[PDB]
Amino acid sequence: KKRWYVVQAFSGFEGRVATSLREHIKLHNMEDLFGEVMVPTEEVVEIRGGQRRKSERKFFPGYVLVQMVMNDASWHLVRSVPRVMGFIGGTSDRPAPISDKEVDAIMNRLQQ
Amino acid sequence: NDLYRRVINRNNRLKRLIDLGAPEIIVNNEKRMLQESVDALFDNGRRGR
Amino acid sequence: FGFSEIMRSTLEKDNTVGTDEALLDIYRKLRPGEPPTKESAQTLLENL
Amino acid sequence: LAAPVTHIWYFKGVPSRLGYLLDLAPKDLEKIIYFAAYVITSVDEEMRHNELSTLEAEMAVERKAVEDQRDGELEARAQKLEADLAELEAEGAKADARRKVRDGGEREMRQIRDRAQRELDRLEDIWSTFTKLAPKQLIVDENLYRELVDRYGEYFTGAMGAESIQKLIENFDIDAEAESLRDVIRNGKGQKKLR
DNA sequence: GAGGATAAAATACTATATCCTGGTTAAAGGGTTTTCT
DNA sequence: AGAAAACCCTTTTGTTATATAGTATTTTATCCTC
């Protein structure tokens with residue numbers, strides 16, 4: 001089961017992180033392990049100088065959600081990519097998976 | 001001034017994340033960052049880098 | 001290294017089996033708090 | 001602040017003055033305060049005794065049910081082994097195929113037995129943790145706490161971070177601790193008395 | 001064989017005169033906006 | 001309408017530490033006992 005996990009990344013730069021993660025999973029071609037990497041991004045509006053204008057905010061700002069089965073090879077692969085500090089979890093030896101209820105919540109919001 | 005700036009930034013971010021709703025893990029990490037910021041404010045260099 | 005008592009004594013008390021366990025133990029000290037694996041350990045040791 | 005924060009002076013400076021008040025080693029505080037492990041703030045009681053008898057019965061039921069399911073799985077594996085034997089004896093296949101299929105079957109049976117043993121051991125460990133759950137106990141291995149809370153969501157409260165230490169301090173009388181320490185000073189002797 | 005108690009080592013913190021003058025004090029990258037062609 | 005120069009924000013491998021002397025508190029390792 002591809003339980004979702006969260007990997008931290010440097011502030012600002014996030015898209016390069018996900019793209020390089022995709023490229024690196026291509027490199028070692030462990031496609032049967034990595035399923036999906038997404039950086040949720042809601043679109044909102046603000047009035048700048050008395051004019052309605054758009055804006056793009058990434059809730060959960062600074063982290064990247066990724067699918068990954070818990071193999072140490074996958075662990076090294078994820079930790080290896082540039083600009084990826086580490087796994088936010090219950091301990092270093094094995095990260096912690098976000099519960100299905102939270103992923104359901106983010107899916108509902110991203111849909112909305 | 002810089003240390004207070006860091007603390008205020010992190011406090012605002014955590015307040016937003018709590019109000020908007022988020023999984024426990026992200027909130028816990030943000031609280032850790034707040035704890036480290038305050039520790040640095042009161043005594044810089046006592047724990048860690 | 002058969003001409004000194006110190007080397008033989010160290011050989012007797014090593015507690016390291018084969019070669020892989022040696023690399024994993026080296027990994028456990030060079031870089032703590034990681035999942036030890038032979039490939040990464042060898043790569044890091046060579047690169048150092 | 002949107003969440004409680006601990007004052008570094010009373011936590012890091014040697015001797016750790018929070019460590020003495022709560023009777024916790026400095027490493028445990030280093031963990032709980034930096035969100036690296038859970039701590040049992042308050043654990044329920046004599047309600048335990050009754051619910052403990054009832055839950056011993058319930059856990060016996062659960063263990064028997066899981067063992068029955070695993071036994072059914074082993075019976076299915078035995079049926080697979082019988083089918084393998086039928087294939088072996090039906091047509092002409094010498095020692096090679098016989099040994100291959102028998103090794104596979106015995107490996108599968110041993111794996112099923114190991115899984116059963118590990119699950120039963122996990123449940124027994126859960127029972128031990130429950131029957132020996134007291135405050136100021138660190139529950140590392142997040143999955144273990146998640147299992148404990150999902151199964152027995154009552155009978156204790158567990159937290160993690162500064163607010164957990166705040167809760168511990170709130171549920172802490174200052175007179176009983178002083179009485180106990182004075183008793184130990186009078187009688188203890190040794191490093192126990194020294195501490 | 002298992003548990004408790006004591007040395008050992010291993011880390012953590014603290015301190016190490018008085019006075020004066022001279023040069024510097026942020027960069028670098030990403031994202032966004034306006035003017036010129 | 002596209003390109004180039006000018007705003008506004010953010011944030012800062014393990015480096016290199018040639019230390020001593022003293023004390024005080026936590027591991028841990030091993031020895032002694034039951």
Of all residues in segment B:1-15, count the ones that are away from DNA strand F (no atom under 13 Å from the Cβ) and surrounded by 14 or more Cβ atoms within 10 Å (Cβ to Cβ). 3
For segment A:11-98, which strands (runs of 3 or more DSSP E) that fit wholly inside it have 2 or more residues that are touching a residue at least 12 places away in the same chain (Cβ under 8 Å) and within 14 Å of DNA strand E (Cβ to nearest atom)? A:42-47, A:52-57
Given the criteria farther than 21 Å from residue B:34 by Cβ and within 14 Å of chain B (Cβ to nearest Cβ), does residue D:31 qualify? no
Any idea which residue in segment D:182-195 is nearest to residue D:21 (Cα to Cα), counting only those that are surrounded by 10 or more Cβ atoms within 10 Å (Cβ to Cβ) and within 15 Å of DNA strand F (Cβ to nearest atom)? D:195
Which of (1) surrounded by 12 or more Cβ atoms within 10 Å (Cβ to Cβ); (2) not in a helix (DSSP H, G or I) is the odd one out, the single condition residue C:3 does not satisfy? (1)
Of the candidates D:107, D:63, D:118, the one satisfying the condition of being surrounded by fewer than 11 Cβ atoms within 10 Å (Cβ to Cβ) and within 30 Å of residue D:160 (Cβ to Cβ) is D:118
Residues located in segment D:1-57, provided they are more than 16 Å from DNA strand F (Cβ to nearest atom), among the small types (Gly, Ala, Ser) and in contact (Cβ under 8 Å) with a residue 60 or more places away in the chain: D:3, D:42
Of the residues in segment D:20-41, those that are away from DNA strand E (no atom under 13 Å from the Cβ) and of a type outside the set (A, V, I, L, M) come to D:20, D:23, D:28, D:31, D:34, D:35, D:38, D:41
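Just to be sure, is residue A:6 β-branched (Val, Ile, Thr), surrounded by 14 or more Cβ atoms within 10 Å (Cβ to Cβ), within 13 Å of another protein chain (Cβ to nearest Cβ) and touching a strand residue (DSSP E or B) at 6+ places or on another chain (Cβ under 6 Å)?
Details: β-branched (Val, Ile, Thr): yes; surrounded by 14 or more Cβ atoms within 10 Å (Cβ to Cβ): yes; within 13 Å of another protein chain (Cβ to nearest Cβ): yes; touching a strand residue (DSSP E or B) at 6+ places or on another chain (Cβ under 6 Å): yes.
Against the criterion (β-branched (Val, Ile, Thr), surrounded by 14 or more Cβ atoms within 10 Å (Cβ to Cβ), within 13 Å of another protein chain (Cβ to nearest Cβ) and touching a strand residue (DSSP E or B) at 6+ places or on another chain (Cβ under 6 Å)), residue A:6 qualifies.
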For the condition more than 14 Å from chain D (Cβ to nearest Cβ) and buried (at least 17 other Cβ atoms within 10 Å of the Cβ), what is the one hit in A:44, A:64? A:64
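Computed from the coordinates by the stated procedures, all read-outs in this text should not be read as laboratory data. No Cβ is skipped: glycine too gets one built from the backbone with ideal geometry, and neighbour counts run over all protein chains shown.
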